[PDB]
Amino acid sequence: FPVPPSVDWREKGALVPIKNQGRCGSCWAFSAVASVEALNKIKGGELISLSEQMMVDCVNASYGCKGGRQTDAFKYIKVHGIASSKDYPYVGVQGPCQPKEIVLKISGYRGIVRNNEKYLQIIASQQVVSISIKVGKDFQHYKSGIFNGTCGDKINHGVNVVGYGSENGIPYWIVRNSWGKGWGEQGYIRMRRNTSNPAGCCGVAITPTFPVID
């Protein structure tokens, strides 16, 4: 599959502004939701901010502010759909599953073969990808540049690949986080790409997933 050398889905109007999950352990929901929002736009829909709060409150296979799985959210959005952030705002605390207008459903999700950054790049060239990484103190303290710091010891944080590129010949992934616009490069981190360890930087390539529509 012909692969462009750089991609940035933000330049294509496929990312809503950076959000902030607060103290709640809802990264799984933010990582699933951003991929769904982007795909809806990429496939010819309008860009709409969608409700992570609805996922936290309604996806009983996951654990609300106690952690969860991007794929649990994808399954829920396929069957039951998802409401807008406007109708179901984020409060950062689990509450009852509240009924609101459904914006959209998806049709399913897929994974990528594990530990294959070039396969991740192929999907990333086509849409936003959900990924799971091993965050430790160096990642938490990231401010700018291409991150090459140390990593945590356990997969513990869900984020998104929104593109990729290179700077002075050093390749990177553009990674969306859910820690507000004041963290990193306006809420994003560029992480080193094509590392010798096939798991990728802090495990970016271990378990990528992405929604499908139609």
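The first residue of the sequence shown is number 1, and the count goes up from there.
- Of the two stretches examined, 115-123 and 133-141, the record assigns the greater average C-alpha temperature factor to 133-141.
- Here the stretch with the larger average CA B-factor, out of 26-34 and 152-160, is 152-160.
- Per the deposited record, the Cα B-factor of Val79 falls in the highest third when ranked against the other modelled residues of its chain.
- Ranked within its chain, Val3 lands in the highest third, by CA B factor from the PDB record.
- Residue-level temperature factors show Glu46 in the highest third of its chain, judged at the C-alpha atom.
- Annotation for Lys105: C-alpha temperature factor in the middle third relative to the rest of the modelled chain, per the entry.
- The PDB entry assigns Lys181 a C-alpha temperature factor belonging to the highest third of its chain's modelled residues.
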